[PDB]
Each structure stands twice: as C-alpha cells, then as structure tokens.
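Novice: Protein chains in written order, with the deposited numbering: chain B, 1 to 265; chain A, 1 to 265.
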Ligand SMILES: Nc1ncnc2c1ncn2[C@@H]1O[C@H](CSCC[C@H](N)C(=O)O)[C@@H](O)[C@H]1O
Ligand SMILES: [Cl-]
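So this is what it looks like as structure tokens:
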C-alpha cells in the first residue's frame with residue numbers, strides 16, 4: 001500500500017541517505033530509473049549489493065507511459081521503492097507520478113538525497129544568486145536549440161549565476177563534456193551576437209560532484225575550452241558578477257586566475 | 001591530517017548520506033554547528049549515537065571568529081569532521097572556511113546531504129523555474145529588512161518562482177513561521193505598493209521537509225496566513241507563472257484551490 005520515492009544521490013552507491021537505504025531494504029520490491037541521469041561512480045550491481053534486493057530497471061517509456069501498470073499494482077499490496085539518481089522530484093516529470101499514485105489509491109512518501117542543484121554550492125558561488133536553470137542540448141539535423149543561451153543572458157543581466165545541465169544520452173551512456181558545451185555556446189554566440197558567451201567569459205566547471213575528488217575549475221573560456229576536466233558527469237556554470245568572497249574561493253579552491261578578482265567582481 | 005565538511009540533511013539523523021556516515025564514524029574528532037538550520041526530527045544524542053562519537057557543538061561566534069583556532073589545529077594531526085544541517089555549503093558562509101583550511105595547510109573534503117534548496121521539488125514546482133532566492137529576516141530595532149521583496153518582484157516579472165528561506169535565531173530558539181513571513185510581506189507591500197505580495201497572491205508552504213509527512217500547502221495568502229502548518233522549520237515559496245502540470249500537483253497534492261488549474265496563458 002506504500003510507494004517510496006528514494007533519491008540515490010550524486011555519484012556512487014553511498015550517496016543514498018541512511019534513511020533511504022534502510023527503507024529500501026525493508027521494501028518488497030525495488031524499481032529504479034537511470035534515464036533522467038546516471039550514477040557515474042557506481043554500477044547497478046553495486047547498488048543491488050548494498051540494497052540487498054533485486055532491482056528492476058525501468059526505461060523512460062516504462063515510467064512515463066506505464067508507471068501505473070508496472071509499479072503501482074505491486075505498491076497496492078506491498079512496500080515498493082522507486083530509486084532515481086539525485087533528489088527525487090527534481091526531474092520535472094517525476095512529481096506527476098505522485099498524482100498517479102494518489103489516483104490508484106497508493107500512498108507515496110519522498111526520501112530526499114543530494115542533488116547537483118544544491119551540490120554546486122561546492123563551487124563557492126552563493127546559492128541564492130543562482131537564477132533560472134537550463135539544459136544544453138546537443139544540436140542534431142536541422143534542429144539547433146538555443147534557449148539555454150537566453151537563460152544565461154537573462155540571469156547574468158540581473159547579476160545572477162546560471163547552472164547549466166549538460167546533455168546526456170542515458171541509454172547510450174554518452175555524456176556531453178563542459179568542453180563541448182563551451183564550443184556550442186561559442187557557436188550560439190557567433191549566431192546571436194548578444195555578447196553573452198565569448199572567449200572572455202568566466203565559467204566554472206564542476207565534475208563528478210559527490211565524489212571525494214571532484215574537479216572544480218574556474219577560468220575564462222579561451223583557457224578552459226580545451227582543458228581536460230576528467231571523467232563525466234560535467235556541469236557548466238556561467239556566473240554573474242561575483243561577490244569578493246565568491247571570487248576568492250574560485251581563486252583559492254578552483255584555481256581561478258587572479259584576474260577575476262578585478263574583472264569579475 | 002584532514003577536515004571533512006559533512007551535511008546531516010533535512011530532518012533527522014538518518015538524512016545523512018551513507019558516505020557521510022561511514023566517514024564520520026572513522027574521524028578522530030567531530031565538531032558541529034546547529035545554528036544555520038533546524039533539524040526538527042532528531043537530537044544531538046541521536047546523532048552522537050549513530051556516529052558513535054562525542055560531538056562538540058560550536059556557536060556562530062566559535063565558527064565565524066575562531067574556526068581556525070578550535071577546529072583546524074586538530075585537523076593537522078587527525079581526521080576531523082564538521083557537521084551541519086542540510087548541505088554544509090548551501091545558504092551558509094561555510095565555503096569560506098575551506099579557504100581558512102587551505103591557508104592552514106589542511107586538506108578539506110565535502111560530503112553533501114539533502115538540502116531544502118532542492119527538496120522544494122516536492123512542492124511540484126519545477127526546479128529549473130526557480131529564480132534568485134532570498135531570506136525573510138526578522139525586523140530588529142528600527143531596521144526593517146525589505147530586500148526579499150524585490151527578489152520576488154524581479155523573479156515574478158520573469159515568470160520565475162521565488163524560494164524564501166525564513167529567519168532563525170538558534171540561540172533564542174526562534175524559528176520564523178510561514179505565517180510570520182507572510183505578515184511581514186504584506187507590510188512591505190503596503191510600504192512599497194508594487195502589487196508583488198497581496199491577499200490574492202498564490203503561495204506555497206513546505207514545513208519540515210525531510211520528514212515522511214511534511215506539510216505541503218498551496219493557496220492564497222488571505223486563506224493561508226492564519227493556517228497552522230505545524231512545527232518549524234518552514235519555507236515559503238511565491239510561484240511565478242505556473243505550468244499546467246505544476247498547478248495540477250499543487251491541487252492534487254498540496255490542496256490548492258482548483259481554480260488555479262485555469263492558468264492564464
Ligand atoms: N526541513 C526543512 N523544511 C523547511 N524549511 C527548511 C528545512 N531545512 C531548512 N529549511 C529552511 O532553511 C533555513 C536555513 S538556511 C540553511 C539551509 C541548509 N544549508 C540546507 O541545505 O537546507 C531555515 O530557517 C528554513 O527556512
Ligand atoms: Cl546580491
């Protein structure tokens with residue numbers, strides 16, 4: 001009669017919360033999805049080993065179209081767990097699943113876990129200064145989406161930071177790198193000439209957040225566009241005007257050039 | 001030899017990640033602060049029991065003025081952890097403490113935990129639509145803070161949601177309620193008259209996020225301003241223009257007036 005939405009956290013199998021683990025262990029059935037994002041620092045096997053349960057992976061179609069047929073039925077007479085990377089409900093489509101549960105007469109509860117949305121605080125940038133978020137999508141065919149560029153412009157215009165999620169082909173396990181994202185943005189700039197993203201733009205790269213050894217780098221596009229930030233996942237941030245304390249953290253912790261202390265503050 | 005910043009999560013001791021727990025259990029010394037936020041579902045004792053170490057609580061002054069005199073000295077010869085509610089680097093000035101660690105020759109690592117900043121996803125409002133965040137501070141003496149009002153205005157004109165952290169006086173054991181936050185906003189509205197926050201404004205209240213049964217309520221200020229949302233901590237949200245699916249969730253899950261379903265495109 002109960003369905004638990006449980007977050008797996010940022011990077012590996014230990015990023016789930018103690019509450020999440022214990023509840024998942026007591027569940028009769030455990031499902032999971034790995035299409036909204038991936039858990040780069042672990043494997044399905046390692047997660048299964050930790051939970052001590054068989055985990056049935058569901059595709060986007062399984063969830064978006066058949067959640068009420070695959071998961072909810074068992075949730076009616078048993079304790080069921082639905083695992084997702086990060087924090088449950090951050091992915092725009094997950095919240096709606098609770099409405100499906102309600103209509104099927106199933107109670108649902110949410111067990112949170114660290115999300116990249118909050119983990120970016122490790123960049124030294126003030127969380128309250130982050131504006132609207134956006135996703136950089138790979139162009140393809142005659143389709144060249146560029147809305148994420150406008151999001152940066154509107155945020156930066158108001159002195160706000162822009163968190164950019166990078167595209168991911170979950171099934172194919174292909175990760176968009178910060179480098180590729182910078183190239184795309186430069187390409188978009190060259191097309192809109194809005195003076196939003198150029199070689200002189202200051203950016204921050206956060207790679208493998210959640211890991212004990214994440215890569216935190218800050219610098220101008222011209223110097224970072226071809227830098228190796230390590231293995232994915234990568235997240236790109238275009239900060240707005242910086243508070244001196246943010247700048248000093250980027251210099252001292254993220255190896256940013258001293259120049260930011262006078263050019264971006 | 002090392003200093004760890006470890007988040008404890010939203011509500012109780014079990015909101016700490018497995019990673020944070022395993023690492024804390026092995027540290028030689030464990031310090032913590034409980035003034036940046038309120039964990040309403042546990043106690044120092046329960047945390048100490050779970051971690052299996054005595055936890056020395058530090059005050060805001062101990063941290064802000066003597067972190068390098070109380071904590072860092074031990075980190076040079078031992079494994080030390082600094083515990084905080086939620087995520088250690090979200091809506092706090094703890095990031096700067098890493099700079100102090102560096103300058104003191106102490107390597108530091110960060111272990112994330114669930115943060116209110118992303119837990120708001122449980123309100124059903126899309127995370128990416130949240131703009132700049134702000135804090136509703138208690139008026140004191142002749143000083144009456146009003147900046148949070150402008151943040152709402154700026155976000156709303158852009159169709160963005162506004163997350164409002166509510167003030168806290170840990171030592172005086174005072175936790176601002178959503179009701180008090182609303183009262184203050186109505187006053188600032190009278191003062192500035194920007195049509196930003198009135199009795200007809202739709203708002204969302206999230207209380208005790210992290211618990212299995214947090215209070216999630218949506219409605220017009222005139223109707224919620226006197227409603228009892230239970231014990232603290234509380235968070236207040238002023239939505240911007242809603243997507244139909246967001247309104248859907250607010251109605252079905254947070255009991256919002258069914259009229260908000262009729263979104264004005
Ligand atoms: N479980 C919870 N429910 C509602 N609000 C919460 C909350 N935990 C924190 N807050 C809000 O955040 C304020 C502290 S701000 C510090 C937040 C912390 N670093 C985090 O990551 O959550 C509180 O006064 C309250 O308004
Ligand atoms: Cl500011």
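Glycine is no exception: its CB is placed at the ideal position from the N, C-alpha and C atoms.
Please name the residue in B:38, B:14, B:5, B:39 whose C-alpha comes closest to that of residue 29 of chain B.
Specialist: What you label residue 29 of chain B is simply residue 29 of the first chain in a count that begins at 1. Ranking B:38, B:14, B:5, B:39 by Cα distance to residue 29 of chain B puts B:5 first.
Novice: Please confirm if the region 238-248 of chain A is in contact with the region 196-213 of chain A, defined as three or more CB-CB distances below 8 Å between the two stretches.
Specialist: By the Cβ rule, the region 238-248 of chain A counts as touching the region 196-213 of chain A, because three or more pairs are nearer than 8 Å.
Novice: Could you pull out every residue in the same chain whose Cβ sits closer than 6 Å to the Cβ of residue 56 of chain B, ignoring the five residues on either side in sequence?
Specialist: One-based indexing of the first chain puts residue 56 of chain B at position 56. Contacts found: 31.
Novice: Helix, strand or coil for residue 168 of chain B per DSSP?
Specialist: For the purposes of this step, residue 168 of chain B is taken as residue 168 along the first chain, with counting starting at 1. DSSP places residue 168 of chain B in strand when its eight states are reduced to three.
Novice: With a CB to CB cut of under 6 Å and the five nearest residues on each side skipped, what residues in its chain are close to residue 129 of chain B?
Specialist: Mapped onto the first chain, residue 129 of chain B falls at position 129. The residues are 160, 161.
Novice: Thinking residue 112 of chain B and residue 195 of chain B are a contact (beta carbons under 8 Å), I'd like their distance in whole angstroms, please.
Specialist: Counting from 1 along the first chain, the entry for residue 112 of chain B is found at position 112. Counting from 1 along the first chain, the entry for residue 195 of chain B is found at position 195. Going by Cβ atoms, the distance from residue 112 of chain B to residue 195 of chain B rounds to 39 Å, so no, they are not a contact pair.
Novice: Taking only beta carbons into account, state which residues of the region 79-104 of chain B come closer than 9 Å to chain A, listed in chain order.
Specialist: 86, 87, 88, 89, 90, 91, 92, 93, 94, 95, 96, 98, 99, 102, 103
Novice: Do residue 165 of chain A and ligand 1 come close, with the Cβ less than 6 Å from some heavy atom?
Specialist: Translated into the one-based positions of the second chain, residue 165 of chain A becomes position 165. Checking every heavy atom of ligand 1 against the Cβ of residue 165 of chain A, one is found closer than 6 Å.
Novice: Taking its Cβ as the centre, do 16 or more other Cβ atoms sit within 10 Å of residue 16 of chain A, making it buried, or is it exposed?
Specialist: On the second chain, position 16 is the one that residue 16 of chain A refers to. Answer is buried; the Cβ neighbour count reaches 16.
Novice: Count the other CB atoms, across all protein chains shown, that sit within 10 Å of the CB of residue 66 of chain B; report buried if there are 16 or more and exposed otherwise.
Specialist: Here residue 66 of chain B is taken as the residue at index 66 of the first chain, counted from 1. Exposed is the call here.
Novice: Does the beta-carbon of residue 88 of chain A have 16 or more other beta-carbons within 10 angstroms, so that it is buried, or is it exposed?
Specialist: For the purposes of this step, residue 88 of chain A is taken as residue 88 along the second chain, with counting starting at 1. Residue 88 of chain A is buried by the Cβ-count criterion.
Novice: Report yes or no: is there a C-beta of chain A within less than 7 Å of the C-beta of residue 15 of chain B?
Specialist: Translated into the one-based positions of the first chain, residue 15 of chain B becomes position 15. Taking Cβ atoms only, chain A reaches closer than 7 Å to residue 15 of chain B, which makes this a yes.
Novice: Let me check one thing: in DSSP terms, what residues is residue 67 of chain B bridge-paired to?
Specialist: Reading the first chain from its first residue, position 67 is the one you call residue 67 of chain B. Partner(s): none; residue 67 of chain B has no beta bridge.
Novice: When you compare the CB of residue 241 of chain A with every CB in chain B, is at least one pair closer than 7 Å?
Specialist: As a working mapping, residue 241 of chain A is identified with position 241 in the second chain. Chain B contact via Cβ: absent.
Novice: Which residue wins for smallest C-alpha separation from residue 135 of chain B, given the options B:186, B:125, B:150, B:245?
Specialist: For this step, residue 135 of chain B is matched to residue 135 along the first chain. Closest in alpha carbon position to residue 135 of chain B, among B:186, B:125, B:150, B:245, is B:150.
Novice: Going by alpha carbons, who is nearest to residue 94 of chain B out of B:110, B:105, B:118?
Specialist: Counting from 1 along the first chain, the entry for residue 94 of chain B is found at position 94. Among B:110, B:105, B:118, the Cα nearest to that of residue 94 of chain B belongs to B:110.
Novice: Residues of the region 105-117 of chain B in Cβ contact with chain A at a cutoff of 7 Å, in chain order, please.
Specialist: 109, 110, 112, 113, 114, 115, 117
Novice: By the criterion of Cβ-Cβ separation under 7 Å, what are the contact partners of residue 128 of chain B in chain A?
Specialist: Taking the first chain and counting its residues from 1, one reaches residue 128 of chain B at position 128. What residue 128 of chain B touches in chain A: 91, 132, 133, 134.
Novice: Measuring only from the beta carbon, is residue 12 of chain B closer than 6 Å to any heavy atom that is part of ligand 4?
Specialist: What this structure holds is ligand 1 and ligand 2, not ligand 4.
Novice: Please list, in chain order, the chain B residues whose beta carbon lies closer than 7 Å to that of residue 19 of chain A.
Specialist: For the purposes of this step, residue 19 of chain A is taken as the residue at position 19 of the second chain. Neighbourhood of residue 19 of chain A in chain B, by CB distance below 7 Å: 14, 15, in chain order.
Novice: Who are the neighbours of residue 158 of chain B on chain A, taking C-beta pairs under 9 Å?
Specialist: Within the first chain, residue 158 of chain B is the residue found at index 158, counting from 1. Those within 9 Å of residue 158 of chain B in chain A are 131, 132, 154, 158.
Novice: Could you spell out the range, first to last residue, of the alpha helix (DSSP H) harbouring residue 185 of chain B?
Specialist: One-based indexing of the first chain puts residue 185 of chain B at position 185. Here the alpha helix (DSSP H) through residue 185 of chain B covers 178-192.
Novice: Report buried or exposed for residue 103 of chain B, applying the criterion of at least 16 other Cβ atoms within 10 angstroms of its Cβ.
Specialist: In the first chain, counting from the first residue as 1, residue 103 of chain B sits at position 103. Around the beta carbon of residue 103 of chain B, fewer than 16 other beta carbons sit within 10 angstroms, so the residue counts as exposed.
Novice: Pick out the complete beta strand (DSSP E) segments inside the region 190-215 of chain A, 3 residues or longer, and give them in chain order.
Specialist: Every beta strand (DSSP E) stretch that sits fully inside the region 190-215 of chain A and reaches 3 residues is listed by chain position as 202-207.
Novice: Give me the DSSP bridge partner(s) of residue 82 of chain B.
Specialist: The sequence position of residue 82 of chain B within the first chain is 82, counting from 1. Answer is B:5, B:31.
Novice: Could you give the distance in angstroms between the alpha-carbon of residue 206 of chain B and the alpha-carbon of residue 233 of chain B?
Specialist: As a working mapping, residue 206 of chain B is identified with position 206 in the first chain. As a working mapping, residue 233 of chain B is identified with position 233 in the first chain. Looking at the two C-alpha atoms, the distance is approximately 8 Å.
Novice: With DSSP collapsed to three states, give me the class of residue 237 of chain B.
Specialist: Position 237 of the first chain, counted from the first residue, corresponds to residue 237 of chain B. Strand at residue 237 of chain B.
Novice: I'd like the span of the beta strand (DSSP E) that includes residue 58 of chain A, first residue to last.
Specialist: Counting from one through the second chain, the residue named residue 58 of chain A turns up at place 58. First-last of the beta strand (DSSP E) with residue 58 of chain A: 55-58.
Novice: Opposite residue 175 of chain A in the DSSP bridges: which residues?
Specialist: Your numbering for residue 175 of chain A matches position 175 in the second chain. Note: residue 175 of chain A sits in a beta bridge opposite A:168.
Novice: Check whether the Cβ atoms of residue 178 of chain B and residue 219 of chain B sit closer than 7 Å, and answer yes or no.
Specialist: What you label residue 178 of chain B is simply residue 178 of the first chain in a count that begins at 1. What you label residue 219 of chain B is simply residue 219 of the first chain in a count that begins at 1. For residue 178 of chain B and residue 219 of chain B, no; Cβs fall outside 7 Å.
Novice: Tell me which residues share the same chain as residue 132 of chain A and place their Cβ nearer than 7 Å to its Cβ, disregarding the 5 neighbours each side in the sequence.
Specialist: For the purposes of this step, residue 132 of chain A is taken as the residue at position 132 of the second chain. Cβ contact annotation for residue 132 of chain A (same chain, cutoff 7 Å, sequence separation greater than five): 151, 154, 155, in chain order.
Novice: What is the rounded straight-line gap between the Cα of residue 169 of chain A and the Cα of residue 34 of chain A?
Specialist: Translated into positions along the second chain, residue 169 of chain A becomes position 169. Translated into positions along the second chain, residue 34 of chain A becomes position 34. Computed Cα separation, rounded: 11 Å.
Novice: Mind checking whether residue 90 of chain A and residue 37 of chain B have CB atoms under 7 Å apart?
Specialist: Your numbering for residue 90 of chain A matches position 90 in the second chain. Your numbering for residue 37 of chain B matches position 37 in the first chain. Cβ distance not < 7 Å, so residue 90 of chain A and residue 37 of chain B don't count as in contact.
Novice: Hey, could you find the ends of the alpha helix (DSSP H) residue 109 of chain A is sitting in?
Specialist: For this step, residue 109 of chain A is matched to residue 109 along the second chain. Not the alpha helix (DSSP H): residue 109 of chain A falls in the beta strand (DSSP E), residues 107-111.
Novice: So residue 136 of chain A is in the beta strand (DSSP E); what residue range does that whole segment cover?
Specialist: One-based indexing of the second chain puts residue 136 of chain A at position 136. For residue 136 of chain A, the enclosing beta strand (DSSP E) begins and ends at 134-136.
Novice: So is residue 206 of chain A in contact with chain B if we call contact Cβ pairs under 7 Å?
Specialist: The residue you call residue 206 of chain A lines up with position 206 of the second chain. No, its Cβ sits nowhere closer than 7 Å to a Cβ of chain B.
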